[PDB]
Structures are given as C-alpha cells and as structure tokens.
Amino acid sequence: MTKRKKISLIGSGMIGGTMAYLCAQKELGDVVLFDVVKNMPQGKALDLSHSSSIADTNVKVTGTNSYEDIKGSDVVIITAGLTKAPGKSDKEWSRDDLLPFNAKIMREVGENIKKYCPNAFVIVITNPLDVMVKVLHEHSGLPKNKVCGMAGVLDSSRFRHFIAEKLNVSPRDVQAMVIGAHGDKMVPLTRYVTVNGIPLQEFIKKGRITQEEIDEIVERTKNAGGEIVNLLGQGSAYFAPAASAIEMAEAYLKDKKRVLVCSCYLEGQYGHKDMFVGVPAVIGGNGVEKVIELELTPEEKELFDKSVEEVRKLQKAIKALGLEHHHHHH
C-alpha cells in the first residue's frame, strides 16, 4: 500500500509535543516523538493518542528513546537542545549562549538521520538556529535543498501579527517578511509589508499608522522572543514556533509551493554562499525548491549583510568546537 506520511520529532519537549498535537489535529501523518529523556515521550504520545480519538483523526503517535524508530520518515523536525543557558537571568537571555550546548546534539542527530532516514526533509528549530542548521547539514550528508531552519516563518508571523493588530485587519491579509539571522540582527522588511498587496506606505499616508508606530513594531518583532521569555518565566515560546515548523512541513508533504522565509543554504544568492540564513524560498516536494532573491535596496542589503556577519561570527565559534565526523556511526 502507500503508507501514511511519517513525521519524526527529534526532541519531545514543549515545541516537540505541540507539533505532535498539530499533526494529530490536522491528521498530517503518523508521528514519532523521540527524546533522550526516558518515559516522557511515551507519556505525551499516550495523551496525544487519546486526543486523536477526540479529534476523530487517524494518527499513530509513538514515543521513543531509540533513533532507529525514525526510519523512513518523510519529515524530521529537530528541537533537541537547551532553551536557556544556565546562570543567566531571563532579561539577559541570548540564543547565542546556547551554542556550545546544542552543536554536539546537532552532530548526533545528523549522524542518525544519515543512517536511518537520509531521504527525509529536515527542519531544524534548535538555537542558535542558523548555525545549528549548518551543523546538522554537515553531519547528516543530506542534500542542500532537503534541510532548512525554521525562523523566518515565526519572525514574520510576529511582524504580521503586530501590523495586523495595529491596522485592525485580519492577519491573513497582511504580508510581512523578516529575513537574515534569527536573532537581534534579523531584518523586518518594512518596505515589503502589504495589506492584500497594498503597500503599508498607503496606510501611513492615510494616517492609519505612523512611521513611529512601524518603527516600534520592527523593534518589537526583533525582541519578541525575549519578550515572551521574560513574561513566561520558564522556557521560551512554543505555540507559534510549533505552528511555523508545521506550516513548513505541510508545504513539503503536499508539495504546496508556499513562499516562506526559512534559513536556507545559499549558493551565491545575496552575495553569499555556504551558509544557511533566512531568506524567502519556495517550499514544495523537493524541499527548498528556490531561494528568492529580493531586489533589496542598498540600505536593506547592508542590514542583511550585517545579519549574515552575525552568522559568520557564530560559525567561527562552531569551528572552534572542532567536531569530528563518524562520531556515533558514520
């Protein structure tokens, strides 16, 4: 027969479980919840199985501590890693501090994807996002188009939400993109914000929103992750991160050709190569099918290049870790 789709969630914490719940609600495919922690993914998987019965969906949800259970996955979504570095206050939370904790996890996960599901589409969520996706790509041996990072869909959703709230319109009808690194140097593209294709500038000229208010929204978008960390007190955001990665997964599974901002492998676009960074892309059954090259103004391009320089600085730290290949398997 043609089997249900199979989605493995490497990491069964807050984002992992929430993504599994979306998969159950949406009947996307069978789900494997993998974690290093014993019993917990099996417990969440039982709860999620019960929830599938309530939803009248037909979804097997399996919890596991064994990588071999990811064999034959169509999609793999990776959240394995730490959310907050120890000995740091909430207010000084930085994704950058997670780097030395999370890089070695990416190598392990990569080696296991290489062994058990080398044909999967792989979405990395673990921070610091743009360099974690590079480590994973390097150690997994996957095709450049079959690995990407979730960040832009989340950052863009934030930008959209804040603009839509201010204008009092449906967020369906706001288009907004945030490109570059997933961090403080992300680049919300104000000039590209539209309301059903109507430039945001029209609304400014009509006095429905001011430049000052837009500038505030751009900064709120940059700071949104930390805003939620400060309010929650434990961990980080999960409902929107989960939804963002599932939107990407959906695009792959059903070959939708969505235009989504993701951290993608560049091969010369925007003047850069051999790194992953946030750019608009077409996502379909071939994975990252196209990186779209925006006609950025010199000012936007300078912001983007400065963003990329933050990824290059993190990449130097990854190199200073020294990670050998074929550590776990080959």
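Counting begins at 1, following the sequence as shown.
Mean Cα B-factor comparison, 120-128 or 95-103, giving the higher one as deposited: Looking at the record's C-alpha B-factors, the answer is 95-103.
On average, are the C-alpha B-factors higher in 65-73 or in 44-52? Averaging CA B-factors over each stretch, the winner is 65-73.
Highest recorded Cα temperature factor - choice among 89, 244, 221, 145: Among 89, 244, 221, 145, the highest C-alpha B-factor in the entry belongs to 89.
Among 318, 9, 14, 24, which residue carries the highest C-alpha B-factor recorded in the PDB entry? Spelled out: the listed residue with the top C-alpha B-factor is 318.
Relative C-alpha B-factor of residue 261, binned into the chain's lowest, middle or highest third: Answer is lowest: the recorded C-alpha B-factor places it there.
Compare the C-alpha B factor of residue 215 with those of the other modelled residues in its chain, then answer lowest, middle or highest third. Highest third of the chain for residue 215's C-alpha B-factor.
When the modelled residues of the chain are sorted by Cα temperature factor, does residue 279 land in the lowest, middle or highest third? For residue 279, the deposited C-alpha B-factor lands in the lowest third.
What third of the chain does residue 286 rank in for C-alpha temperature factor, lowest, middle or highest? Middle third.
Once the chain's modelled residues are ordered by C-alpha B factor and cut into thirds, is residue 166 in the lowest, middle or highest one? Middle third of the chain for residue 166's C-alpha B-factor.
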